[PDB]
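Source file: model.pdb (PDB, C-alpha atoms and all ligand atoms)
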```pdb
MODEL        1
ATOM      1  CA  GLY B   3       0.000   0.000   0.000
ATOM      2  CA  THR B   4       1.104   3.521  -0.968
ATOM      3  CA  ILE B   5      -0.649   6.479   0.651
ATOM      4  CA  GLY B   6      -0.238   9.824  -1.088
ATOM      5  CA  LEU B   7      -1.211  13.348  -0.072
ATOM      6  CA  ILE B   8      -2.017  16.007  -2.666
ATOM      7  CA  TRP B   9      -2.731  19.661  -1.933
ATOM      8  CA  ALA B  10      -2.298  23.219  -3.180
ATOM      9  CA  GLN B  11      -1.154  25.950  -0.789
ATOM     10  CA  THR B  12      -0.048  29.526  -0.788
ATOM     11  CA  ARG B  13       3.601  30.072   0.069
ATOM     12  CA  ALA B  14       2.530  30.761   3.670
ATOM     13  CA  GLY B  15       0.634  27.448   3.938
ATOM     14  CA  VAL B  16      -2.995  28.532   3.404
ATOM     15  CA  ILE B  17      -5.177  25.923   1.697
ATOM     16  CA  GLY B  18      -8.729  27.146   2.335
ATOM     17  CA  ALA B  19     -10.856  30.058   3.476
ATOM     18  CA  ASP B  20     -14.569  30.047   4.348
ATOM     19  CA  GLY B  21     -15.009  26.508   3.047
ATOM     20  CA  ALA B  22     -13.380  27.063  -0.349
ATOM     21  CA  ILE B  23     -10.013  27.335  -2.093
ATOM     22  CA  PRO B  24      -9.255  31.076  -2.400
ATOM     23  CA  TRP B  25      -7.770  31.050  -5.913
ATOM     24  CA  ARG B  26      -8.302  29.687  -9.422
ATOM     25  CA  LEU B  27      -5.524  27.604 -10.980
ATOM     26  CA  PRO B  28      -6.674  25.503 -13.958
ATOM     27  CA  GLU B  29      -3.256  23.906 -14.462
ATOM     28  CA  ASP B  30      -3.516  22.597 -10.892
ATOM     29  CA  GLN B  31      -7.033  21.222 -11.405
ATOM     30  CA  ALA B  32      -5.831  19.371 -14.505
ATOM     31  CA  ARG B  33      -2.792  17.989 -12.666
ATOM     32  CA  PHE B  34      -4.887  16.922  -9.655
ATOM     33  CA  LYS B  35      -7.339  15.150 -11.953
ATOM     34  CA  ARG B  36      -4.597  13.387 -13.921
ATOM     35  CA  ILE B  37      -2.760  12.252 -10.782
ATOM     36  CA  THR B  38      -5.785  10.955  -8.883
ATOM     37  CA  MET B  39      -7.836   9.496 -11.757
ATOM     38  CA  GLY B  40      -8.623   5.815 -11.219
ATOM     39  CA  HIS B  41      -7.399   5.931  -7.592
ATOM     40  CA  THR B  42      -9.337   5.993  -4.343
ATOM     41  CA  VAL B  43      -9.606   9.575  -3.047
ATOM     42  CA  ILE B  44      -9.991  10.207   0.703
ATOM     43  CA  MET B  45     -11.433  13.479   1.981
ATOM     44  CA  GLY B  46     -12.974  15.122   5.019
ATOM     45  CA  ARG B  47     -16.687  15.878   5.163
ATOM     46  CA  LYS B  48     -16.084  19.601   4.781
ATOM     47  CA  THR B  49     -14.051  18.957   1.616
ATOM     48  CA  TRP B  50     -16.823  16.780   0.179
ATOM     49  CA  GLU B  51     -19.174  19.709   0.824
ATOM     50  CA  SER B  52     -16.775  22.175  -0.783
ATOM     51  CA  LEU B  53     -16.871  20.212  -4.039
ATOM     52  CA  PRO B  54     -18.885  21.846  -6.833
ATOM     53  CA  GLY B  55     -21.959  19.703  -7.311
ATOM     54  CA  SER B  56     -21.005  18.926 -10.909
ATOM     55  CA  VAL B  57     -17.887  17.098  -9.673
ATOM     56  CA  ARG B  58     -19.367  15.660  -6.475
ATOM     57  CA  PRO B  59     -18.468  12.793  -6.393
ATOM     58  CA  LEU B  60     -15.200  13.247  -8.225
ATOM     59  CA  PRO B  61     -15.784  11.215 -11.412
ATOM     60  CA  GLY B  62     -13.734   8.138 -12.272
ATOM     61  CA  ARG B  63     -12.422   7.741  -8.702
ATOM     62  CA  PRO B  64     -13.939   5.962  -5.687
ATOM     63  CA  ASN B  65     -14.799   8.759  -3.266
ATOM     64  CA  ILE B  66     -14.323   8.109   0.476
ATOM     65  CA  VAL B  67     -15.446  10.732   3.027
ATOM     66  CA  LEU B  68     -14.471  10.821   6.714
ATOM     67  CA  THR B  69     -17.218  11.890   9.128
ATOM     68  CA  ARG B  70     -18.123  11.114  12.724
ATOM     69  CA  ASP B  71     -21.743  10.615  11.672
ATOM     70  CA  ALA B  72     -22.066   6.872  11.047
ATOM     71  CA  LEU B  73     -25.243   7.724   9.028
ATOM     72  CA  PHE B  74     -23.827  10.492   6.768
ATOM     73  CA  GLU B  75     -24.939   9.664   3.215
ATOM     74  CA  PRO B  76     -22.804  11.088   0.379
ATOM     75  CA  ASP B  77     -24.567   9.800  -2.730
ATOM     76  CA  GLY B  78     -22.038   8.121  -4.983
ATOM     77  CA  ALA B  79     -19.402   7.970  -2.222
ATOM     78  CA  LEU B  80     -18.566   5.909   0.871
ATOM     79  CA  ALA B  81     -18.807   7.501   4.320
ATOM     80  CA  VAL B  82     -16.403   6.130   6.952
ATOM     81  CA  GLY B  83     -15.696   7.034  10.559
ATOM     82  CA  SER B  84     -11.930   6.537  10.956
ATOM     83  CA  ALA B  85      -8.591   6.566   9.171
ATOM     84  CA  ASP B  86      -8.305   2.791   9.615
ATOM     85  CA  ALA B  87     -11.728   2.300   8.030
ATOM     86  CA  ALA B  88     -10.856   4.574   5.104
ATOM     87  CA  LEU B  89      -7.667   2.649   4.355
ATOM     88  CA  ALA B  90      -9.435  -0.696   4.771
ATOM     89  CA  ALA B  91     -11.850   0.469   2.036
ATOM     90  CA  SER B  92      -9.110   1.902  -0.191
ATOM     91  CA  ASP B  93      -7.361   0.468  -3.211
ATOM     92  CA  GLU B  94      -3.564  -0.033  -3.247
ATOM     93  CA  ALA B  95      -2.736   3.655  -3.954
ATOM     94  CA  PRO B  96      -5.212   6.093  -2.363
ATOM     95  CA  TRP B  97      -4.763   9.857  -2.497
ATOM     96  CA  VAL B  98      -5.685  11.969   0.502
ATOM     97  CA  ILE B  99      -7.209  15.102  -1.035
ATOM     98  CA  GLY B 100      -8.002  17.280   1.991
ATOM     99  CA  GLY B 101      -8.812  19.177   3.845
ATOM    100  CA  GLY B 102      -6.722  20.544   6.701
ATOM    101  CA  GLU B 103      -7.965  18.097   9.326
ATOM    102  CA  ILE B 104      -7.724  15.087   7.040
ATOM    103  CA  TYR B 105      -4.202  15.917   5.762
ATOM    104  CA  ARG B 106      -2.877  16.019   9.331
ATOM    105  CA  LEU B 107      -4.598  12.709  10.095
ATOM    106  CA  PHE B 108      -2.931  10.785   7.233
ATOM    107  CA  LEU B 109       0.490  12.510   7.000
ATOM    108  CA  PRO B 110       2.218  10.027   9.400
ATOM    109  CA  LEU B 111       1.173   7.188   7.044
ATOM    110  CA  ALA B 112       2.022   8.950   3.784
ATOM    111  CA  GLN B 113       4.843   8.053   1.399
ATOM    112  CA  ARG B 114       4.548  11.018  -0.962
ATOM    113  CA  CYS B 115       3.081  14.510  -1.011
ATOM    114  CA  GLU B 116       2.205  16.202  -4.293
ATOM    115  CA  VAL B 117       2.195  19.888  -3.491
ATOM    116  CA  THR B 118       1.273  22.877  -5.593
ATOM    117  CA  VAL B 119       2.649  26.138  -4.209
ATOM    118  CA  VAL B 120       0.895  29.282  -5.425
ATOM    119  CA  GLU B 121       2.144  32.877  -5.224
ATOM    120  CA  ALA B 122      -0.853  34.408  -3.466
ATOM    121  CA  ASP B 123      -0.833  36.526  -0.302
ATOM    122  CA  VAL B 124      -4.366  35.513   0.640
ATOM    123  CA  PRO B 125      -5.563  34.665   4.176
ATOM    124  CA  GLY B 126      -7.486  31.580   5.198
ATOM    125  CA  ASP B 127      -8.680  29.449   8.082
ATOM    126  CA  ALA B 128      -7.321  26.084   6.870
ATOM    127  CA  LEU B 129      -3.611  25.287   6.582
ATOM    128  CA  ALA B 130      -1.443  22.701   4.845
ATOM    129  CA  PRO B 131       0.279  20.135   7.076
ATOM    130  CA  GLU B 132       3.796  20.913   8.196
ATOM    131  CA  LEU B 133       6.478  18.738   6.602
ATOM    132  CA  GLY B 134       9.315  18.165   9.035
ATOM    133  CA  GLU B 135      12.281  15.840   8.832
ATOM    134  CA  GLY B 136      11.991  12.740   6.649
ATOM    135  CA  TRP B 137      11.154  14.186   3.206
ATOM    136  CA  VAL B 138      13.231  14.978   0.117
ATOM    137  CA  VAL B 139      12.094  17.158  -2.804
ATOM    138  CA  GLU B 140      13.554  18.507  -6.049
ATOM    139  CA  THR B 141      12.626  22.058  -6.919
ATOM    140  CA  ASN B 142      10.908  22.978 -10.180
ATOM    141  CA  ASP B 143      10.726  26.247 -12.077
ATOM    142  CA  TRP B 144       7.874  28.554 -11.158
ATOM    143  CA  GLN B 145       5.201  28.705 -13.844
ATOM    144  CA  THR B 146       2.711  31.336 -14.976
ATOM    145  CA  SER B 147      -0.877  30.236 -15.433
ATOM    146  CA  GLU B 148      -3.249  31.505 -18.091
ATOM    147  CA  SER B 149      -5.126  32.879 -15.060
ATOM    148  CA  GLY B 150      -1.948  34.902 -14.349
ATOM    149  CA  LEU B 151      -1.179  33.328 -10.994
ATOM    150  CA  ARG B 152       2.342  31.950 -10.618
ATOM    151  CA  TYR B 153       2.632  28.421  -9.289
ATOM    152  CA  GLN B 154       5.099  25.625  -8.570
ATOM    153  CA  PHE B 155       4.701  21.840  -8.394
ATOM    154  CA  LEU B 156       6.704  19.934  -5.774
ATOM    155  CA  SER B 157       6.903  16.148  -5.363
ATOM    156  CA  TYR B 158       7.946  15.246  -1.823
ATOM    157  CA  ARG B 159       9.040  11.678  -1.150
ATOM    158  CA  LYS B 160       9.873   9.951   2.119
ATOM    159  CA  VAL B 161      13.600   9.416   2.631
TER
HETATM  160  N1  LIG A   1      -5.845  23.672  -1.263
HETATM  161  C1  LIG A   1      -6.181  22.399  -1.391
HETATM  162  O1  LIG A   1      -5.518  21.594  -2.073
HETATM  163  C2  LIG A   1      -7.402  21.917  -0.656
HETATM  164  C3  LIG A   1      -7.912  20.638  -0.871
HETATM  165  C4  LIG A   1      -9.083  20.248  -0.246
HETATM  166  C5  LIG A   1      -9.731  21.127   0.585
HETATM  167  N2  LIG A   1      -9.223  22.361   0.782
HETATM  168  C6  LIG A   1      -9.943  23.392   1.678
HETATM  169  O2  LIG A   1      -9.820  22.983   3.013
HETATM  170  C7  LIG A   1     -11.007  23.367   3.745
HETATM  171  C8  LIG A   1     -11.559  22.159   4.453
HETATM  172  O3  LIG A   1     -10.561  21.701   5.386
HETATM  173  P1  LIG A   1     -11.030  21.419   6.875
HETATM  174  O4  LIG A   1      -9.940  20.945   7.757
HETATM  175  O5  LIG A   1     -11.827  22.598   7.276
HETATM  176  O6  LIG A   1     -12.035  20.196   6.648
HETATM  177  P2  LIG A   1     -11.838  18.668   6.237
HETATM  178  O7  LIG A   1     -10.576  18.120   6.777
HETATM  179  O8  LIG A   1     -12.023  18.578   4.714
HETATM  180  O9  LIG A   1     -13.072  17.919   6.938
HETATM  181  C9  LIG A   1     -13.128  17.928   8.374
HETATM  182  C10 LIG A   1     -14.212  16.969   8.779
HETATM  183  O10 LIG A   1     -13.768  15.611   8.567
HETATM  184  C11 LIG A   1     -14.314  14.788   9.578
HETATM  185  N3  LIG A   1     -13.233  14.258  10.398
HETATM  186  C12 LIG A   1     -12.117  14.909  10.854
HETATM  187  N4  LIG A   1     -11.331  14.168  11.596
HETATM  188  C13 LIG A   1     -11.972  12.939  11.629
HETATM  189  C14 LIG A   1     -11.648  11.717  12.241
HETATM  190  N5  LIG A   1     -10.539  11.513  12.954
HETATM  191  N6  LIG A   1     -12.501  10.683  12.071
HETATM  192  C15 LIG A   1     -13.596  10.869  11.330
HETATM  193  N7  LIG A   1     -14.003  11.972  10.699
HETATM  194  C16 LIG A   1     -13.144  12.979  10.892
HETATM  195  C17 LIG A   1     -15.294  15.670  10.348
HETATM  196  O11 LIG A   1     -16.563  15.691   9.667
HETATM  197  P3  LIG A   1     -17.977  15.845  10.481
HETATM  198  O12 LIG A   1     -18.144  17.302  10.882
HETATM  199  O13 LIG A   1     -19.000  15.393   9.475
HETATM  200  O14 LIG A   1     -17.827  14.853  11.688
HETATM  201  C18 LIG A   1     -14.624  17.038  10.246
HETATM  202  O15 LIG A   1     -15.514  18.131  10.440
HETATM  203  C19 LIG A   1     -11.944  24.042   2.735
HETATM  204  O16 LIG A   1     -11.835  25.461   2.803
HETATM  205  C20 LIG A   1     -11.440  23.504   1.396
HETATM  206  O17 LIG A   1     -11.689  24.377   0.299
HETATM  207  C21 LIG A   1      -8.085  22.769   0.190
HETATM  208  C1  LIG A   2      -7.946  21.277  -7.748
HETATM  209  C2  LIG A   2      -7.892  21.527  -6.219
HETATM  210  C3  LIG A   2      -6.810  20.699  -5.563
HETATM  211  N1  LIG A   2      -5.561  20.771  -6.066
HETATM  212  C4  LIG A   2      -4.615  20.033  -5.477
HETATM  213  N2  LIG A   2      -3.351  20.098  -5.961
HETATM  214  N3  LIG A   2      -4.804  19.225  -4.445
HETATM  215  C5  LIG A   2      -6.036  19.123  -3.936
HETATM  216  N4  LIG A   2      -6.261  18.321  -2.904
HETATM  217  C6  LIG A   2      -7.097  19.884  -4.518
HETATM  218  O1  LIG A   2      -8.392  19.809  -3.986
HETATM  219  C7  LIG A   2      -9.291  18.707  -4.317
HETATM  220  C8  LIG A   2     -10.701  19.048  -3.820
HETATM  221  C9  LIG A   2     -11.373  20.129  -4.669
HETATM  222  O2  LIG A   2     -11.326  19.722  -6.060
HETATM  223  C10 LIG A   2     -11.908  20.534  -7.037
HETATM  224  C11 LIG A   2     -12.335  21.812  -6.688
HETATM  225  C12 LIG A   2     -12.912  22.638  -7.634
HETATM  226  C13 LIG A   2     -13.061  22.175  -8.933
HETATM  227  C14 LIG A   2     -12.636  20.899  -9.278
HETATM  228  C15 LIG A   2     -12.052  20.049  -8.340
HETATM  229  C16 LIG A   2     -11.608  18.649  -8.759
HETATM  230  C17 LIG A   2     -11.964  18.227 -10.202
HETATM  231  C18 LIG A   2     -11.519  16.781 -10.616
HETATM  232  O3  LIG A   2     -10.563  16.274  -9.964
HETATM  233  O4  LIG A   2     -12.134  16.232 -11.561
HETATM  234 CA    CA A   3     -29.622   9.754  -0.858
ENDMDL
END
```
Before we go any further, please render this structure as structure tokens.
Amino acid sequence: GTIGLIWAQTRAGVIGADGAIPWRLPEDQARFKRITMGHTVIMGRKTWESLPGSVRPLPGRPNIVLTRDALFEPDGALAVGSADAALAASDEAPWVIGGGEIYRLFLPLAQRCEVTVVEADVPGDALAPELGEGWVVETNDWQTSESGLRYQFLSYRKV
């Protein structure tokens, strides 16, 4: 089993504000879709609710949602009550897709983090997990989106 985390953050670590992602980055959406397609995706209940209805559930991927309500019913997805239960229901290579609470829950089990860093001085109430010792990453050139925002992809792997 290989657990991955995937997220997009500002340079300062912000990932969400008022239940949404406070920027638009189409190159990141395309990358996220390509990376996770065909894999189990694990998310917190608030992230399930932040999904636009047209992509809820995320198509072509088994959706798993963590909640403490044993009778929460995400149509087209599986609701589970614990990290162990989510992994027991996962395929061999699940991606943890947020949000802040769920990233911190699965980080100790993760083997890679696919991170998009965005150049945006925007505040928020949800933060990316802190990567301490144990990870190695190669830097990539910063890119400019058609939306005009500058962004960087980073692929962290466990040492
Ligand atoms: N930038 C990115 O890449 C990215 C990606 C995804 C989301 N986000 C943003 O992040 C924000 C959401 O993050 P968040 O931390 O607020 O919410 P979250 O982690 O997505 O969901 C939190 C919820 O998950 C459930 N949960 C948490 N710990 C649990 C546990 N141990 N066992 C079972 N269920 C558990 C609870 O649901 P119940 O209340 O139902 O019990 C809790 O309220 C949004 O603003 C979203 O836009 C950003
Ligand atoms: C694209 C946002 C995003 N980007 C990265 N790098 N990691 C995430 N965990 C993430 O969040 C996933 C949850 C929200 O996903 C969306 C939010 C708005 C529109 C579309 C999608 C996903 C679309 C798809 O994957 O088909
Ligand atoms: Ca129903």
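Nearest residue to residue 26 in chain B among B:150, B:126, B:76, B:40 is B:150, counting only C-alpha atoms.
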*List the residues matched by the PyMOL selection byres (((chain B and resi 139) around 10) and not hetatm) in the displayed structure as a ChimeraX atom specification, ordered by chain and then by residue number.*
/B:114-115,137-138,140-142,156-161
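CA of residue 49 in chain B to atom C10 of ligand LIG 1 (chain A) spans 7.4 Å [interatomic distance, one decimal].
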*Neighbour list for residue 19 in chain B as a list in words, cut-off 12 Å, all atoms listed in the file, skip fewer than 4 positions in-chain*: residues 11, 12, 15, 23, 24, 25, 48, 49, 52, 101, 102, 124, 125, 126, 127, 128 and 129 of chain B
Take every atom of range 82-86 of chain B listed in the file, pad by 5 Å on each side, and give me the axis-aligned box centre and edge lengths in Å, one decimal, as AutoDock Vina command-line options.
```
--center_x -12.4 --center_y 4.9 --center_z 9.0 --size_x 18.1 --size_y 14.2 --size_z 14.0
```
*Once the PyMOL selection byres (((not hetatm)) within 7 of (chain A and resi 1)) has been applied to the shown file, what residues remain in the selection, as an NGL selection string?*
:B and (8-11 or 17-23 or 45-50 or 52 or 68-71 or 83-85 or 99-105 or 107 or 128)
*asked:* Quick one: residues within 9 Å of residue 34 in chain B, all atoms listed in the file, excluding same-chain residues fewer than 4 positions away - as number ranges by chain?
replied: B: 8-9, 29-30, 38-39, 116
Give me, as a tab-separated table, the closest atom pair and its distance (Å, one decimal) for every residue of chain B within a cut-off of 10 Å of ligand CA 3 (chain A), counting all atoms listed in the file, rows sorted by chain and rising number.
```
residue	atom	partner	partner_atom	distance
B:74	CA	A:CA3	CA	9.6
B:75	CA	A:CA3	CA	6.2
B:76	CA	A:CA3	CA	7.1
B:77	CA	A:CA3	CA	5.4
B:78	CA	A:CA3	CA	8.8
```
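Reported to one decimal place, the separation of CA of residue 59 in chain B from CA of residue 82 in chain B is 15.1 Å.
Take the candidates B:80, B:133, B:89, B:73 and check each one against residue 5 in chain B using all atoms listed in the file; the shortest distance goes to B:89.
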*Rounded to one decimal in Å, what is the spacing between atom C8 of ligand LIG 2 (chain A) and CA of residue 131 in chain B?*
15.5 Å
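Closest to ligand LIG 2 (chain A) among B:27, B:106, B:88, B:35 is B:35, based on all atoms listed in the file.
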*Nearest to ligand LIG 2 (chain A) among B:113, B:145, B:92, B:56, with distances taken over all atoms listed in the file: which residue is it?*
B:56
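Here the question is which of B:112, B:37, B:66, B:60 gets nearest to ligand LIG 2 (chain A) using all atoms listed in the file, and that residue is B:60.
Using all atoms listed in the file, the shortest contact distance between ligand LIG 2 (chain A) and any of B:65, B:149, B:154, B:31 is found at B:31.
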*asked:* Applying 6 Å and all atoms listed in the file, which residues near residue 98 in chain B remain after dropping the ones on its own chain fewer than 4 positions away? List them as a VMD selection string.
replied: chain B and resid 7 43 to 44
Include C-alpha atoms and write out the residues we just selected as a PDB file, in the frame of the given file.
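This went into out-v1.pdb:
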```pdb
ATOM      1  CA  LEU B   7      -1.211  13.348  -0.072  1.00  0.00           C
ATOM      2  CA  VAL B  43      -9.606   9.575  -3.047  1.00  0.00           C
ATOM      3  CA  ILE B  44      -9.991  10.207   0.703  1.00  0.00           C
TER       4      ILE B  44
END
```
